[PDB]
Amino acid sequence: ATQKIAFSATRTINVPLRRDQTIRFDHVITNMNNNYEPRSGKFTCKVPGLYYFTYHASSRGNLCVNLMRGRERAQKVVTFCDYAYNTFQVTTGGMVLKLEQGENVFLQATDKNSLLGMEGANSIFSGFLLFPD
């Protein structure tokens, strides 16, 4: 319409995540309005309103991720866990959030850090504006 805010970014880094680390999705497929930062992996709200956030992550073992929301200090909205013994999986999560300007949203690793990002088994993080405030 007018306020066109949408991002989709894949992860291509094969370096193991540590607990509490921000999960970076370094390769942008889409980033309209450039409110997503591929250097950190965080989205930062410019225009207040309703957003939908979603991810799909490939993994070869146990994976838990925290969906984080906040300004300079972030709080976890939810934790998604999907386990896999010795087998490849793709898991997913989504969330509708009403965000204020300055609020950031990003995914954060736990203990459970088995996540792949590569050709043939991607991991992706997306979000878009539903309705402006």
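Throughout, we count residues from 1 along the sequence that is shown.
K.L.:
If you average the CA temperature factors as listed in the entry, which stretch comes out higher, 89 to 97 or 63 to 71?
P.N.:
Averaging CA B-factors over each stretch, the winner is 63 to 71.
K.L.:
Between 46 to 54 and 80 to 88, which has the larger average Cα B-factor in the PDB entry?
P.N.:
Higher of the two, by average CA B-factor, is 80 to 88.
K.L.:
Among 30, 108, 40, 104, single out the one with the highest C-alpha B factor in the record, please.
P.N.:
If I rank 30, 108, 40, 104 by C-alpha B-factor, first place goes to 40.
K.L.:
Please place residue 124 in the lowest, middle or highest third of its chain by C-alpha B factor as given in the entry.
P.N.:
It belongs to the lowest third of the chain when residues are ordered by C-alpha B-factor.
K.L.:
Relative to the other modelled residues of the same chain, rank the CA B-factor of residue 9 and answer lowest, middle or highest third.
P.N.:
It falls in the bottom third of the chain.
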